[PDB]
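The structure follows.
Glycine also receives a Cβ, built like all others from the backbone with ideal geometry; neighbour counts cover every protein chain displayed. Quick note: the coordinates plus some simple rules give every number you see, no bench work behind them.
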Amino acid sequence: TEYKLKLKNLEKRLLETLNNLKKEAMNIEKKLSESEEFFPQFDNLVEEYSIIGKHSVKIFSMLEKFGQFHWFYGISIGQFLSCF
């Protein structure tokens with residue numbers, strides 16, 4: 001985001017430095033080319049976390065049903081993350 005904004009700023013400034021223009025353009029191109037294989041390897045990882053999550057939301061729900069049962073057995077989500 002900051003590179004594309006600064007690139008537009010450099011382009012309007014050049015309208016009213018081509019070396020650093022080309023270098024930041026190459027930097028912009030590289031921080032994309034490396035985003036190509038990063039995403040399918042990123043999102044392929046989390047299946048470990050889906051089995052984590054489906055248990056986590058069930059555990060919190062069970063403690064919540066203990067909280068609706070008796071007024072003393074209350075629990076917040078902040079305490080769940082602190083214990084996590």
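Check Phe66, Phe72 and return the single one that is over 18 Å from the mean Cα position of the chain (by Cα) and either small (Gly, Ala, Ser) or surrounded by fewer than 10 Cβ atoms within 10 Å (Cβ to Cβ) (or both).
Result of the check over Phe66, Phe72: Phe72.
For the stretch 36-71, which positions are outside any helix (DSSP H, G or I) and either basic (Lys, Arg) or within 30 Å of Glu2 (Cβ to Cβ) (or both)?
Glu37, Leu45, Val46
Let me ask something additional. Might you check whether a residue that is surrounded by 10 or more Cβ atoms within 10 Å (Cβ to Cβ), outside any helix (DSSP H, G or I) and not β-branched (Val, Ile, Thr) occurs anywhere in the stretch 24-35?
Within the stretch 24-35, none of the residues are surrounded by 10 or more Cβ atoms within 10 Å (Cβ to Cβ), outside any helix (DSSP H, G or I) and not β-branched (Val, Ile, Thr).
Is it the case that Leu7 is touching a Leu at 6+ places or on another chain (Cβ under 9 Å), part of a helix (DSSP H, G or I) and among the hydrophobic types (A, V, I, L, M, F, W, C)?
yes
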